[PDB]
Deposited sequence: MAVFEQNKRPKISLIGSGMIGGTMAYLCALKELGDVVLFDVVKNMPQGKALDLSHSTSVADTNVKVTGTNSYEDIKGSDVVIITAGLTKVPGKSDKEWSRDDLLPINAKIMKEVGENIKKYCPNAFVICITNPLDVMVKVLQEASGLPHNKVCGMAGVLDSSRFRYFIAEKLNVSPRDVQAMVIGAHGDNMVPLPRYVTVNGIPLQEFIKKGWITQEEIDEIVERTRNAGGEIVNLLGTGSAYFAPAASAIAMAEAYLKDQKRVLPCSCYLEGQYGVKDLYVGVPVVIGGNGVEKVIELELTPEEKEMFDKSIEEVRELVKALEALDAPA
């Protein structure tokens, strides 16, 4: 039988992700949402598009978790977003309400598709993937969060733009927690293996512009929201998560910064945070421990501790 991909949450990101799954014939799709008839509407739109693409993909809409039975992969966008930010929204609403949805999603995964590879997108990302892992009981290797691939896609793009080379040939990474305490890694940026500093010396780019690109990367999500007025980014967020899903389903063994369960690496135990990892047919297969400078480890430590604060505040109740 085909691979089964279930999208928990059928908003903008969920629909586009399902569009990519249909365009790439990655497998049968299931769009789930609490809103009645809505996932069923997109599914029929998307079903019609398969006709234009000359594919066979089955896309289904549903308001019941039962239809995620046997899913090979599960990708979760459901919950409140950051669009309101009201400075008390993250603390009084985002964190406490989303944690409760993650617990309900995790329980449904546990009963209906406990073998799936599970990719979380809901924010606060690092916190929510932990909660989803706890509630679902699945191996820590098969539950991770999408954040670094998106933050890296922005980083790489901004670099590629100034240098005027294809983004394929810009290697860039962003680690740490997803959010304002993310850590772009300017030292590790290369152009097809060439350190970026070589282009600084040859005048393709300058050091300040690089520092600007670091900050623009950290705020890229808000830059787009502000410009949209209504809504948030969904084209790149959806591709990033489907890159990770394609890496799992085709055992591509790609190297991508993802939010994953550490156990000693980087001096972190029993915690989810963004790090470079190898994604393969068996999920998160290897964590790469980068030889970070002391300064870099400091930014990583301050970012890893904000994640703790919130994991603990959530554990209060």
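>> Comparing the deposited sequence against the modelled residues, what ranges come up empty for C-alpha?
In response: Residues lacking C-alpha coordinates: 1 to 7, 93 to 94, 327 to 330.
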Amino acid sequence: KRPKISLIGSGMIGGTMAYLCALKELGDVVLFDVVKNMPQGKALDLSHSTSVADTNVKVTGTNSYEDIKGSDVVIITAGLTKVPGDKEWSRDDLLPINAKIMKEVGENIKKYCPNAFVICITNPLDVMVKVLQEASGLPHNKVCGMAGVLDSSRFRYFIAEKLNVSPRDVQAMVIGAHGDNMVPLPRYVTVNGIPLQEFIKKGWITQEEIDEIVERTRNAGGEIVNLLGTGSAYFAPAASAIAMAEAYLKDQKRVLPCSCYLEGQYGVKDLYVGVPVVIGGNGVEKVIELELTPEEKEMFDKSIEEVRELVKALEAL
From here on, numbers count along this sequence of modelled residues.
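> Per the PDB record, is the mean Cα temperature factor higher over 88 to 96 or over 190 to 198?
Replying inline: That would be 88 to 96.
>> If you average the CA temperature factors as listed in the entry, which stretch comes out higher, 174 to 182 or 237 to 245?
In response: Looking at the record's C-alpha B-factors, the answer is 174 to 182.
>> Please place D33 in the lowest, middle or highest third of its chain according to the CA B-factor in the PDB entry.
In response: CA B-factor rank for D33: middle third.
> Split the chain's modelled residues into thirds by Cα B-factor; is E285 in the lowest, middle or highest one?
Replying inline: Within its chain, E285 is a middle-third residue by C-alpha B-factor, going by the deposited values.
> So where's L256 on the chain's Cα temperature factor ranking, which third?
Replying inline: Middle third of the chain for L256's C-alpha B-factor.
> Lowest, middle or highest third: where is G79 by C-alpha B factor in its chain?
Replying inline: According to the entry, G79 has a C-alpha B-factor in the chain's middle third.
> What third of its chain, lowest, middle or highest, does the C-alpha temperature factor of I304 fall into?
Replying inline: Highest third of the chain for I304's C-alpha B-factor.
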